[PDB]
Structure formats: structure tokens, C-alpha cells
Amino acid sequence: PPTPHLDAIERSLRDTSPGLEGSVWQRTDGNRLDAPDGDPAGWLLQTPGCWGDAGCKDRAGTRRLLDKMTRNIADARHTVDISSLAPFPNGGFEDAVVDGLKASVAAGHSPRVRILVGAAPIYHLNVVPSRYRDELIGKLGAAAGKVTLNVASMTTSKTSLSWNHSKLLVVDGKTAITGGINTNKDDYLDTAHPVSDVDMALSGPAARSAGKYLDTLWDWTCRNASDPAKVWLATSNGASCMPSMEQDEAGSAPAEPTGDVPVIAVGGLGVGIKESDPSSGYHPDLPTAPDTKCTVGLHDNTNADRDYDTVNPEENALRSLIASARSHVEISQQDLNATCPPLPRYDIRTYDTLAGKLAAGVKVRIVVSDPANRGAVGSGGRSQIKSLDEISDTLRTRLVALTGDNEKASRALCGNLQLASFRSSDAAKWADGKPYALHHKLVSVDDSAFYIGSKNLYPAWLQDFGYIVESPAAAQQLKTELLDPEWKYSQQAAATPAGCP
């Protein structure tokens, strides 16, 4: 079956980062979206799972996520690979890891386990890698002797604010769960106002691609344990750091197909791991029109750095996914814009891509977390805008720079843009007064191809990872289970841009 959206994205990735193919990005065939029996859309792991249920008393999506995480780890024969934003997995996320590992050992296995978290320079890690390792060993009991642990917290650039933000669980290089969900009990479990988020589960060659991505992070992490300012590392049982655990498990044989789904795995190396993909001939004419509402203090990696693109192919993967839309594109995000300064306020090429779609008659929907969400920098579901106008006004600006006059800009903007704050029920706020917070990193185009992962569309220079799937059947499930319900409730919080009926 034809894959016109993946083909376009693949061309962009091979132009941007040819040397990173097979490590930081990879297209594979023959994957399976990992759904349980009798629940065909069950590969889509939404949390809390309460569409149209303002009370959200039964948080069935959260339970299904933790169950699936546990089962995947319980099935581990050789390797368990976990990455997240700090802190190390706690609460029910930790129970899933402990329970799964105990089951793997009870089945006769001696699994190797890597657990990697990224830490902002300002973030104080309460439970450091040595203490987290020790806590796990205690909870593992007698099984701890059979489990090889590598536990590490990392920061790759202090000045350029770069650390691991990818959210991955990869087992045996064969199954993978990824998305926006941090293993942080205070955002999803121990809370009266849970964040809305989505992960996906697959099996097949693209799970190995995720493993190769984590091998790239652990190669750097193991080497830079020589600098405790950057890396804190703890291992169990006297074990060495395992930079290439996924390659060792993969061996020489190619990954075995498990279904028929084509997937592009794509991530980025942030800042401070690798300065450029230096086999790349990528030579963009980077955007000339700068956001006159803000100026970045730091060097602008998002909008003004060729080298950064070459080691962060996920940036161009998302731009080319959006650019591939022939009929309609749905964007569901925490934010489209970043707090500026210190980061650039928006990705210029992304907004220019969206403006081009609006002017060409392509339907564009943007749903973001409500601006009433104000949290600390790094909180899930926070918003970085005061009003949805900051999105529509910027689109209007880029439209004028493209069409030439404001009246054409208005016809494109008013006729083809849907813009709203996220809602999951008829209720505007939670019972405890707090508003709904959205943490998706999702893009879907033409009900044919979609991204689910950890990479936000707003500017950020972190290590991130995600999958782009092209499958009309899977995108129909996504539409039915997530996108249509999202708009059913979010349209009650829609914006009418300035200058529109």
C-alpha cells in the first residue's frame, strides 16, 4: 500500500540527517500496533480515559496503561530499557517495573535493565540514581541478584537547557511504549486533577529502532559519567555501564516482522551530545522573518541553527508531517508556543507550514492546553500562552508575509482554522476547581498518518523520540477514539480569531 506521507518525511530525514539513519531515526516495515484481544484500538493508551465523564471516578485509561507496562516488562527475556524526564519512575509506575521484573526473573530470566532520566539544571533530584537503585533492589527482594541495573540521571547542556525528555519502555528490542506520559505519580496517579495524555504501544522492527535510539543516549551517558556535573550513574551487582545493550540484544539478524504497519521512528539529540551530523549535506535557507514580539537570549537552535537540525531530525520530521497534509491536519499539544525568553516563542518553519496549509484550503485544527493552566516551568499540562490569540495572531502574521495582503489572510485563517482549549467533558474545570490540562504531543494528517511521541511542537532543545505511523485503519481508530471526542468537547472552548465572523 502507498505511503505518500511517510515517503515525504523519509526524504526530509535522509536530507537532514543521513548519518543518523539506523540510530536516531529509522523507517521500518512490518510492525504491529500492540492491541489486546477483543480491543482492536487498545494500542492507543490514553489517560485518564474519561471522555464525557467530568467526574472521572473510574480512571480506566490509567489502569490500562500501568497494566500494559507491567505485562510488557513481565514478558522480558533479556532487556528492559526505560527513559523519562526526572524523577525516576515512582508510585504505580515503579510498581509496574518491580512487578514486571519479578515476573521475568520468576520465569527464569536474568534481564538487563537501563533506566535513564533527564534533569534540568534547576531541578533538584530528590531520589538520586544510587538511592533509586537501592530502593529498586529492596523491592525486588531475592530477584535483585538476577537483574542487572544501570540507573542514571543526565544533563547534556546547562547553558542550552538540554536533557532527556524521551519517554520510552522498550522490552527485548521487540515491544515499545512511547508518548507524552511521564512516569511521575504526581501527574497521573496521586492527583485529583489528572493530566490528559496519550501513549501508543507497538511491537516489531520499530521497537528495535527505539532501542537503537536509547543506545545512542547511553553511549553518551556512559562516556560522560566521567563528568558528574553532567551524569550521575549507579549500577547493581558490580555491573559495568551498558552503552550498547540494545545492539547486543539485536545481534546480526534483522528484526522479525510482527504485522504490516509501516513506521518511522525519529528522535533528536538535543544539545551537547553531538554537534552535527557531519555526513549531512543539509543546507537550508533558514527563516529570515523573526518574531518581533520576543528575542531569544540564547542562540536560537530552533530557528537559526543548521547543525542542530542535522542531529535533531525529529524537528524536520514534524514539519514534513504537517507539510504532507493534502486535506486536513489535527494538532493536539500542551503548547504551540514556548515561554520567551529564554526559548524562542515559536518554531517559524512550523507556523509558516501551517500558514501555507491555511492558504491552500487545507483544514487546520489546533487544540492546546487551556491558558488558565499556569504551572511551574516543566509541569505537565501547563500553558505558555496567556490567550489563544497568540497562536491565531501569529498565523495571521505569517499569512500576510505569504499572501501579501490581510484580506486573503483573513479568508484563509477564518475559513480553515479551528483553534480551541482542550476539554474532555461538558465541564470546563475539574471538581476541585482546577482546569483541564493537556499533555499530548500528537499530530495527525489526512486520517492517514500520525505522530505520537514525547516531542512537543513548541520550541525545546531536549532529547526526544516518537513514532510516525501511516495506516488509514489505525488513523481511523485514532480519529474515533481521540480526535473526534477531543473536538466534540473542545469546540465549546474554541477561539474566534481577531478579524473573523
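For clarity, a rigid core is taken as the largest C-alpha set superposing within 1.5 Å between two forms. Position 1 is the first residue in the sequence shown; the rest follow in order.
Two stretches, 220-228 and 369-377, are weighed by how far their CA atoms sit from the shown form in 4 other deposited structures of this protein after rigid core superposition; the farther one is 369-377. Structural divergence in 4 other deposited structures of this protein between 290-298 and 146-154: following superposition by the core, 290-298 has C-alpha atoms lying farther from the shown form. If you average the C-alpha B-factors over 37-45 and over 468-476, the higher value belongs to 37-45. Higher mean CA B-factor, judged across 193-201 and 269-277 from the recorded values: 193-201.
Across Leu321, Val231, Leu399, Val364, the entry's maximum B-factor at the CA atom is seen for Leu399. Ranking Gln418, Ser83, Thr258, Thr183 by Cα temperature factor from the entry places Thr183 first.
The deposited CA B-factor of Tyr188 belongs to the highest third of values across its chain. Ranked within its chain, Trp430 lands in the highest third, by CA B factor from the PDB record. When the modelled residues of the chain are ordered by their C-alpha B factor, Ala437 lands in the highest third. For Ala96, the recorded CA temperature factor ranks within the middle third of the chain's modelled residues.
Remark: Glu330 belongs to the lowest third of its chain, ranked by C-alpha B-factor as recorded.
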